[PDB]
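Quick heads-up: it's one chain on its own, the form deposited without ligand FMN, in structure tokens.
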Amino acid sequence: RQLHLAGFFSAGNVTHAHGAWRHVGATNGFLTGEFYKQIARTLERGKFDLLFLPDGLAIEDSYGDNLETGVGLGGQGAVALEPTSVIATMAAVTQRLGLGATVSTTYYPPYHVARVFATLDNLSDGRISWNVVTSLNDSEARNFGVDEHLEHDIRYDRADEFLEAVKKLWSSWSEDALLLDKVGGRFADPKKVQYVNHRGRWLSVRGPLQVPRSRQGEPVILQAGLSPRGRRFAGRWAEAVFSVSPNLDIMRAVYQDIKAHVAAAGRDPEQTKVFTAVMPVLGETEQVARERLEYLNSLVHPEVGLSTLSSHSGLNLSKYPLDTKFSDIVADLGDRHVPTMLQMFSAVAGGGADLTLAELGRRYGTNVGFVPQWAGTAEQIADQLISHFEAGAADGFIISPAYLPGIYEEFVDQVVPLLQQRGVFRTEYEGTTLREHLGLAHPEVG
């Protein structure tokens, strides 16, 4: 039984560690092709299952109602390259590594999503995946000139239909439809390419898709949303789920809940892979590791962290002074309208203690609050990865990068070989497609 590894980072300035761009070792090459080529080549060298890019469609604005924090201090989405271009770039220099990107159902039509991913799936010869997102953020909508509004759970119901339409399009070409019979003059079999004529409540798309199926049949569906409604959506469609849990117990709880939602939807739980995020910080000795972690966290500016904390909680904390104790906010708002995640992070952050807004933002900025920072030698990190895996924490891990590209080099050079030697991680790619890497079946047409 073998675990899976995935890479994950913003095509831009910041992922989870909000002081990353400040690290002495950060090249900040996020505007260059070579930076992405290098990361992709490195993860492939480490035989990673996949490298996956999140996406945000606006510079983070909520905190301050202006760009002062986001642009000035390097906040979420300050720089965010269009993800599909980036992964096409990475596909061009790799041949096994799986590649995925977030694309929103909210701002793009089903035909676009269908065709862009079928295209990437063919260009990469079956290595592509799509992270389905359904969010509606104000700054994003204003970038797309959207004015309408749909309730959280309704957006998911709409996404159900979106997925149906996309899957229909992906099946519009039989796997034996393309003929290229030069002599006969038969390009394809028109009986094997069908219109889709999808016309549901939310969406209308005629088809057929202009792109045949890759050798993996269809792109792998990835899902990250862990809301009650999201978990349901995941159980139905998701082939791999990305989760963030601060410790083993929650990891295990999240794991079993996801697997259950999948069984509930009528699907094989073992056909949905569950990854959990960790942020390793290596050192030749444990002491060096801890020292390096301390340095990394010290780079976090309290306000960038607060800015991200605002976005994630929905609460605009720029309204309050930074020295505002969390108490005064509880009382100013009432423990009934204060998002649970906030109260959760708060309790765990200072350990029941009472923190200033500045101090909570600073800590949230280190690891987006809940991503475990593991500091140790490569042997320890490997031991922890293995011990968590055997304990049912997850089927694989998302390695959240402390700084780029350096941390991935260190992880691939130092940790992957220990995992391989222990027999818990591939020494070589067995198949050629992302589905083969994750152990997923080849979906059939229809």
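Numbering starts at 1 and follows the sequence shown.
Beyond what is shown, the protein has a form solved in complex with ligand FMN; the following relates to that form.
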Just checking whether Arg142 would be counted as a contact of ligand FMN in the bound PDB entry - the rule being heavy atoms within 4.5 angstroms.
no
Answer yes if any heavy atom of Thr102 is within 4.5 Å of a heavy atom of ligand FMN in the bound PDB entry; otherwise answer no.
yes
Find out whether any non-hydrogen atom of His301 is located within 4.5 angstroms of ligand FMN in the bound PDB entry, and reply yes or no.
no
Contact with ligand FMN in the bound PDB entry for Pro54, defined as at least one heavy atom pair within 4.5 Å: yes or no?
yes
So which stretch, 359-367, 223-231, 326-334, 162-170, is the one near ligand FMN in the bound PDB entry (non-hydrogen atoms, 4.5 Å)?
223-231
As a check of understanding, the residue in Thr272, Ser214, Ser129, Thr134 with any heavy atom within 4.5 Å of ligand FMN in the bound PDB entry should be identified as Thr134
Heavy atom within 4.5 Å of ligand FMN in the bound PDB entry, from candidates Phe345, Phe242, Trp237, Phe117, belongs to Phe242
Output the sequence-ordered list of residues from 144-167 with at least one heavy atom within 4.5 Å of ligand FMN in the bound PDB entry.
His152, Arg155, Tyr156
